[PDB]
Amino acid sequence: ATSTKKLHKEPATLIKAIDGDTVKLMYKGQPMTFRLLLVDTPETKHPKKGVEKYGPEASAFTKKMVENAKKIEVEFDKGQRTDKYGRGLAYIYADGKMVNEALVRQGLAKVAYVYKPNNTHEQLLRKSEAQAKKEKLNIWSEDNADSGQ
Ligand SMILES: Cc1cn([C@H]2C[C@H](OP(=O)(O)O)[C@@H](COP(=O)(O)O)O2)c(=O)[nH]c1=O
């Protein structure tokens with residue numbers, strides 16, 4: 001009967017996307033850098049981690065993604081609101097699509113960074129990760145023949 005949604009979704013502005021899991025948007029007159037939660041692209045080499053060996057074009061993915069997104073929204077979780085760097089953490093959406101599950105759906109970003117209570121969508125993201133693993137898309141280009149837990 002009444003409209004019912006999940007968490008609090010707020011509108012934002014597309015200022016300039018940097019990487020696939022990082023984009024600068026505007027919020028209530030506040031340009032900040034948001035980073036996809038529960039995801040870690042191999043191209044992003046901020047830490048000593050570096051790119052394993054699949055450095056794809058994630059930045060381009062979110063590039064045309066939010067660029068064509070008729071509406072860019074952000075959903076802060078119930079955990080903290082920013083990281084130790086002040087970055088804003090929130091699941092971004094576009095046209096009703098979860099950008100986080102988008103990259104993980106194309107087998108580009110690997111699920112990771114799990115620190116409760118910031119993982120409300122841990123089962124939904126892990127699900128898209130299982131589909132990208134069976135489809136073997138990009139990073140999932142291994143030779144799953146014998147298989148084994
Ligand atoms: C997303 C996330 C990041 N972090 C820390 C680990 C990483 O530390 P370092 O900065 O030392 O690498 C950094 C990764 O964030 P980004 O994915 O935005 O780069 O933030 C957490 O502790 N919890 C989280 O939920």
# chains A, B, ... in the order shown; residues from 1 in each chain; ligands from 1
$ residues_around --residues "residue 143 (chain A)" --least-positions-apart "5" --cutoff "12 Å" --atoms "only C-alpha atoms" --output "JSON, numbers by chain"
{"A": [133, 134, 135, 136, 137]}
$ closest_atom_pairs --of "chain A" --to "ligand 1" --cutoff "10 Å" --atoms "only C-alpha atoms and all ligand atoms" --output "JSON lines"
{"residue": "A:21", "atom": "CA", "partner": "ligand 1", "partner_atom_place_in_ligand_line": "17 (O)", "distance": 7.6}
{"residue": "A:22", "atom": "CA", "partner": "ligand 1", "partner_atom_place_in_ligand_line": "18 (O)", "distance": 7.3}
{"residue": "A:33", "atom": "CA", "partner": "ligand 1", "partner_atom_place_in_ligand_line": "18 (O)", "distance": 9.1}
{"residue": "A:34", "atom": "CA", "partner": "ligand 1", "partner_atom_place_in_ligand_line": "18 (O)", "distance": 7.9}
{"residue": "A:35", "atom": "CA", "partner": "ligand 1", "partner_atom_place_in_ligand_line": "18 (O)", "distance": 5.3}
{"residue": "A:36", "atom": "CA", "partner": "ligand 1", "partner_atom_place_in_ligand_line": "17 (O)", "distance": 7.4}
{"residue": "A:37", "atom": "CA", "partner": "ligand 1", "partner_atom_place_in_ligand_line": "1 (C)", "distance": 5.3}
{"residue": "A:38", "atom": "CA", "partner": "ligand 1", "partner_atom_place_in_ligand_line": "1 (C)", "distance": 6.3}
{"residue": "A:39", "atom": "CA", "partner": "ligand 1", "partner_atom_place_in_ligand_line": "17 (O)", "distance": 7.3}
{"residue": "A:40", "atom": "CA", "partner": "ligand 1", "partner_atom_place_in_ligand_line": "17 (O)", "distance": 6.1}
{"residue": "A:41", "atom": "CA", "partner": "ligand 1", "partner_atom_place_in_ligand_line": "17 (O)", "distance": 8.5}
{"residue": "A:44", "atom": "CA", "partner": "ligand 1", "partner_atom_place_in_ligand_line": "19 (O)", "distance": 7.9}
{"residue": "A:45", "atom": "CA", "partner": "ligand 1", "partner_atom_place_in_ligand_line": "19 (O)", "distance": 8.5}
{"residue": "A:46", "atom": "CA", "partner": "ligand 1", "partner_atom_place_in_ligand_line": "19 (O)", "distance": 6.2}
{"residue": "A:47", "atom": "CA", "partner": "ligand 1", "partner_atom_place_in_ligand_line": "12 (O)", "distance": 4.8}
{"residue": "A:48", "atom": "CA", "partner": "ligand 1", "partner_atom_place_in_ligand_line": "12 (O)", "distance": 7.9}
{"residue": "A:49", "atom": "CA", "partner": "ligand 1", "partner_atom_place_in_ligand_line": "12 (O)", "distance": 8.3}
{"residue": "A:79", "atom": "CA", "partner": "ligand 1", "partner_atom_place_in_ligand_line": "25 (O)", "distance": 9.1}
{"residue": "A:80", "atom": "CA", "partner": "ligand 1", "partner_atom_place_in_ligand_line": "25 (O)", "distance": 8.9}
{"residue": "A:82", "atom": "CA", "partner": "ligand 1", "partner_atom_place_in_ligand_line": "1 (C)", "distance": 9.0}
{"residue": "A:83", "atom": "CA", "partner": "ligand 1", "partner_atom_place_in_ligand_line": "20 (O)", "distance": 6.1}
{"residue": "A:84", "atom": "CA", "partner": "ligand 1", "partner_atom_place_in_ligand_line": "20 (O)", "distance": 6.7}
{"residue": "A:85", "atom": "CA", "partner": "ligand 1", "partner_atom_place_in_ligand_line": "10 (O)", "distance": 7.3}
{"residue": "A:86", "atom": "CA", "partner": "ligand 1", "partner_atom_place_in_ligand_line": "18 (O)", "distance": 9.5}
{"residue": "A:87", "atom": "CA", "partner": "ligand 1", "partner_atom_place_in_ligand_line": "18 (O)", "distance": 6.9}
{"residue": "A:88", "atom": "CA", "partner": "ligand 1", "partner_atom_place_in_ligand_line": "18 (O)", "distance": 8.8}
{"residue": "A:89", "atom": "CA", "partner": "ligand 1", "partner_atom_place_in_ligand_line": "1 (C)", "distance": 7.2}
{"residue": "A:90", "atom": "CA", "partner": "ligand 1", "partner_atom_place_in_ligand_line": "1 (C)", "distance": 9.7}
{"residue": "A:112", "atom": "CA", "partner": "ligand 1", "partner_atom_place_in_ligand_line": "1 (C)", "distance": 8.0}
{"residue": "A:113", "atom": "CA", "partner": "ligand 1", "partner_atom_place_in_ligand_line": "25 (O)", "distance": 4.9}
{"residue": "A:114", "atom": "CA", "partner": "ligand 1", "partner_atom_place_in_ligand_line": "25 (O)", "distance": 5.4}
{"residue": "A:115", "atom": "CA", "partner": "ligand 1", "partner_atom_place_in_ligand_line": "25 (O)", "distance": 5.0}
{"residue": "A:116", "atom": "CA", "partner": "ligand 1", "partner_atom_place_in_ligand_line": "25 (O)", "distance": 7.9}
{"residue": "A:117", "atom": "CA", "partner": "ligand 1", "partner_atom_place_in_ligand_line": "25 (O)", "distance": 9.2}
{"residue": "A:118", "atom": "CA", "partner": "ligand 1", "partner_atom_place_in_ligand_line": "25 (O)", "distance": 6.6}
{"residue": "A:119", "atom": "CA", "partner": "ligand 1", "partner_atom_place_in_ligand_line": "25 (O)", "distance": 8.3}
$ residues_around --residues "residue 73 (chain A)" --least-positions-apart "6" --cutoff "10 Å" --atoms "only C-alpha atoms" --output "list in words"
residues 9, 10, 11, 12, 13, 14, 25, 27, 66, 90, 91, 92, 93, 94, 95, 96, 97 and 98 of chain A
$ select_by_dssp --residues "region 94-123 of chain A" --states "strand (DSSP E or B)" --output "PyMOL selection string"
chain A and resi 94+97-98+110-111+115+118
$ write_last_selection --atoms "N, CA and C atoms" --output "mmCIF file, in the first residue's frame"
data_model
loop_
_atom_site.group_PDB
_atom_site.id
_atom_site.type_symbol
_atom_site.label_atom_id
_atom_site.label_comp_id
_atom_site.auth_asym_id
_atom_site.auth_seq_id
_atom_site.Cartn_x
_atom_site.Cartn_y
_atom_site.Cartn_z
ATOM 1 N N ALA A 94 22.512 2.989 -10.191
ATOM 2 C CA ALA A 94 22.305 3.802 -11.422
ATOM 3 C C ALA A 94 21.156 3.210 -12.240
ATOM 4 N N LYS A 97 20.346 -0.034 -10.786
ATOM 5 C CA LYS A 97 21.326 -1.152 -10.891
ATOM 6 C C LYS A 97 22.430 -0.961 -9.848
ATOM 7 N N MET A 98 22.813 -2.013 -9.179
ATOM 8 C CA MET A 98 23.884 -1.891 -8.150
ATOM 9 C C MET A 98 25.250 -1.882 -8.838
ATOM 10 N N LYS A 110 36.986 -8.163 -7.391
ATOM 11 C CA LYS A 110 36.828 -9.341 -6.493
ATOM 12 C C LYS A 110 36.226 -8.891 -5.160
ATOM 13 N N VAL A 111 35.297 -9.641 -4.634
ATOM 14 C CA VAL A 111 34.672 -9.257 -3.336
ATOM 15 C C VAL A 111 35.739 -9.263 -2.239
ATOM 16 N N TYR A 115 34.022 -5.710 6.974
ATOM 17 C CA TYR A 115 34.189 -5.324 8.402
ATOM 18 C C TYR A 115 32.825 -4.956 8.988
ATOM 19 N N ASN A 118 29.442 -3.339 8.417
ATOM 20 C CA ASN A 118 29.382 -2.741 7.054
ATOM 21 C C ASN A 118 29.394 -3.852 6.002
#
$ closest_residue --among "A:31, A:68, A:20, A:52" --to "residue 102 (chain A)" --atoms "only C-alpha atoms"
A:20
$ residues_around --residues "residue 43 (chain A)" --least-positions-apart "3" --cutoff "7 Å" --atoms "only C-alpha atoms" --output "ChimeraX atom specification"
/A:51,55-56
$ write_last_selection --atoms "C-alpha atoms" --output "mmCIF file, in the first residue's frame"
data_model
loop_
_atom_site.group_PDB
_atom_site.id
_atom_site.type_symbol
_atom_site.label_atom_id
_atom_site.label_comp_id
_atom_site.auth_asym_id
_atom_site.auth_seq_id
_atom_site.Cartn_x
_atom_site.Cartn_y
_atom_site.Cartn_z
ATOM 1 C CA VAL A 51 47.751 -5.659 -9.769
ATOM 2 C CA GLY A 55 44.724 -5.287 -14.640
ATOM 3 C CA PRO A 56 41.600 -4.759 -16.777
#
$ select_by_dssp --residues "region 52-139 of chain A" --states "helix (DSSP H, G or I)" --output "count of residues only"
34
$ atom_distance --atom1 "CA of residue 131 (chain A)" --atom2 "CA of residue 109 (chain A)"
13.0 Å
$ atom_distance --atom1 "CA of residue 129 (chain A)" --atom2 "CA of residue 78 (chain A)"
22.8 Å
$ atom_distance --atom1 "CA of residue 5 (chain A)" --atom2 "CA of residue 105 (chain A)"
23.0 Å
